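Scroll down for the structure; my scribbles are underneath it.
Every residue, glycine as well, gets a Cβ built from its backbone with ideal geometry; the counts of neighbours run over all protein chains shown. Throughout, read-outs are computed from the coordinates displayed, never taken from laboratory work.
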Number of protein chains: 2
Amino acid sequence: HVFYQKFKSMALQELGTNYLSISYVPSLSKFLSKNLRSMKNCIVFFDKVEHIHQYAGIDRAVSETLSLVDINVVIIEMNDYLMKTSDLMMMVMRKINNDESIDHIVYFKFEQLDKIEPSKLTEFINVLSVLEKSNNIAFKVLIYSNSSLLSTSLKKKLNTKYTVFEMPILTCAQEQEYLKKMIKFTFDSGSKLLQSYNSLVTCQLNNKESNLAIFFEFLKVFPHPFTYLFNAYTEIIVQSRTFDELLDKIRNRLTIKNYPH
Amino acid sequence: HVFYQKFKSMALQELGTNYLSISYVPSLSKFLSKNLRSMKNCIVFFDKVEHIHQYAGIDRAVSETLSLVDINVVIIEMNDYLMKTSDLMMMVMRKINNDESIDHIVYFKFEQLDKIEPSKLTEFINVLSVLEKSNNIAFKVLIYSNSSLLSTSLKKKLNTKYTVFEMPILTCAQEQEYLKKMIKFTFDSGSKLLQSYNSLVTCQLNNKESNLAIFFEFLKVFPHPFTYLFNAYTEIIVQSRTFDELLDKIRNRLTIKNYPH
Ligand SMILES: [Cl-]
Ligand SMILES: [Cl-]
């Protein structure tokens, strides 16, 4: 009679979606479609990407923007290549040789989030300058950092001007507001089951001495609050077998000493 | 260096999405936008809804179709009312009195999936006949079953003709094919991390003597395979703290004696 599996599955998908959301930075979604959903070559830097939560969010937003593209898109992960006619050129061309469409987009991805062979870097800027010369082939170099030598080498040797996206540092208040949004669900709007779930969350968050409120006070000091909350919360949802078991965990079992494990 | 949290969160959202997918029944998505995204009153029956997996899927598809509607949408859950000027009329009108838009859509939801006061049923068909008389107000009665007295009472007393949607019974082969699709992920297309994950799944499913293949043989006989697989799989993803831990569980720990718990 009380289909918790329907709630469970929908809550798990929304919590997933909520975490990967980049709505706190509306300027980003527009910045992506502008640079990614075109036939213009560009190099994008993502600075102040200080959290795995942020990286996952940017990545999904990139992943989706490339899905909108009505031209062949190829992915090359440059991490394994650099951090260690040409090897790279041969590999890029093999991928691009897909007789899918006349126009192609090569998306080169480089991630330096825990901050590089000079010889390997030059070989890369060489492939990039050849794709610059090619009409029908466009490149999107996406670098995730926070690099110094990279920016200066890419600027000096190429004709494509690079753009930079500064990931906003949230205030404790902004962070708290967005962490609460993360565990608020919007599926089956108007339903008493969603009303019960969201009312309990809202009221416990406003009750200073509650497990949920106390848990959130810790997230103010914790370095990666979105991930700590996401892990703790997916566990309570997954481990609960009934709707009442879920409410009981939010009210009585959610503590930093209990979740995640 | 190997951001499993990015994979974990994306895999959890996709597994969520995959479960709630109604792509196996493309005729349904079109049937919904036709009947729900209009200003015409209609009564829809969902017969042969034999699984909680199916119900969750139909519900989300309904939930999304109503999001497309550019007119005020109100939800009334008739379950609590019937199974037990008028009480109902007063409540429906209170909701509809939202000074949001001139036109309103009342979505009445009734679920009889484990199969009703005659007095309560008449009161409902009375509210429905008054909304029929009202221009600017449309109703969408959605009944989920498998009812006999309901269909005949709704047909006899109302001017709105009812439609029926027969949920297709999947063959063992269809079921197996779709259960495999459920645990195949499409985020970060082209990435070696997604390639590793999907190759392991594909190869283990083809290896008759593997944990994954043996697990799937049980799903052929199990009455609710999508839910049993979803629960077992969200656990392995959630409980794993590294990418290697995940692969180890799929290869060595996934059994009917171990998952879900
Ligand atoms: Cl975080
Ligand atoms: Cl099922």
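A few points about this structure:
- Amide proton proximity set for A:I137, modelled H, under 5 Å, gap of 5+: A:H104
- In summary, the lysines within cross-link reach of A:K156, defined as a Cα separation below 30 angstrom excluding same-chain residues under 8 places away, comprise A:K30, A:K34, A:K40, A:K48, A:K84, A:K95, A:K109, A:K115, A:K120, A:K133, A:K140.
- Calculation over all alpha carbon pairs of region B:22-169 in 10 angstrom steps from 0 returns a P(r) of 10, 43, 37, 10, 0 percent.
- Reducing region B:71-141 and region B:154-233 to their Cα centroids gives an inter-centroid distance of 35 Å.
- Local charge for A:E50 was computed over the other residues whose Cβ lies under 13 Å away, with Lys and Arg +1 and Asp and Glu -1, and equals -2.
- Computed over chain A, the Cα gyration tensor eigenvalues convert (square root of 5λ each) into semi-axes of 43, 20, 15 Å, ordered from largest to smallest.
- The 3J(HN,Hα) values that the Karplus relation (6.51, -1.76, 1.60; θ = phi - 60°) gives for region A:191-205 are, in residue order, 5, 5, 5, 6, 4, 4, 4, 5, 4, 4, 4, 3, 6, 5, 5 Hz. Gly and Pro appear as x.
- Inter-probe distance in nm under a simple model that places probes 7 Å from Cα toward Cβ, at A:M93 and B:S148: 7.4
- FRET E, pair B:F218, A:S23, Förster distance 41 Å, beta-carbon r, rounded to 0.05: 0.50
- Formal net charge of residues neighbouring B:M83 (Cβ-Cβ distance under 9 Å; K, R +1; D, E -1): 0
- What the Cα convex hull of the protein assembly as shown gives, in volume per residue, is 187 Å³.
- Chain B: calculated mean residue ellipticity at 222 nm from DSSP helix runs of at least 4, using -39500 (n - 2.57): -17000 deg cm²/dmol
- Under 25 Å from the Cα of A:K208 - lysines, other chains or at least 8 residues apart: A:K180, A:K181, A:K184, A:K220, A:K249, A:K257
- Linear extension gain, A:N159 paired with A:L193, 0.36 nm per residue minus alpha-carbon span: 6.5 nm
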